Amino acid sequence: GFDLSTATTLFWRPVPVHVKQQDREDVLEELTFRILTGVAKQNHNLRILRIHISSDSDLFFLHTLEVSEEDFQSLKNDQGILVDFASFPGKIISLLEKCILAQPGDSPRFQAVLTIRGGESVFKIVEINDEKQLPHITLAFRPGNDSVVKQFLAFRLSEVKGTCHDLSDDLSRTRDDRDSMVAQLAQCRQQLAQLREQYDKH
């Protein structure tokens, strides 16, 4: 399937989403959106796009979408999506960018909506002009399950563990440099105090 190793992040930012769940109350949450593009393990010629909706506050919350260069004609059909596969992530980004920048008094107002109906969920980005609500994109996401959330958290962990390692390396290098500057400052202060004595010389 999809190899999160050879993957490329195109977008990875929190977006203000209106989450609507089945027997729970409507809530405005800030959810993380990551748009990934790569290939299939089985066939290195099959391009795939992956989208993840997660929360930094709920580490178990996850919603996923996955479409190959092939199956894109199915998704494109029924939706009316004018754009091709290569163009698709760009259409998604600009729309999520509009939602990010939306301000209270706005009209037309761009709003992201995630409707959770048990084992399936629908993500839409809508343009709200007073009464009328016009959708720019409507997508089909699958929530959970235990096996998928498990793999995601293992990916996230190795990822954070890695950026942690890099931070540690810079801190070492920075601390080493700071220590060298103090030695140089002390030597300069010594030269300065010695020159002052050499000034007397009376």
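Each residue number is its position in the shown sequence, starting from 1.
On average the C-alpha atoms of 129-137 have higher B-factors than those of the other stretch, with 59-67 and 129-137 being the two compared.
When 185-193 is weighed against 20-28, 20-28 comes out higher, by mean CA B-factor as recorded in the entry. Ranking 156, 150, 41, 173 by Cα temperature factor from the entry places 41 first.
Among the modelled residues of its chain, residue 47 has a C-alpha B-factor that falls in the highest third according to the deposited record.
Annotation for residue 81: CA B-factor lies in the highest third of the chain's modelled residues.
Among the modelled residues of its chain, residue 94 has a C-alpha B-factor that falls in the lowest third, as given in the PDB entry. In the PDB entry, a CA B factor belonging to the middle third of its chain's modelled residues is recorded for residue 114. When all modelled residues of the chain are sorted by CA temperature factor, residue 88 is found within the middle third.
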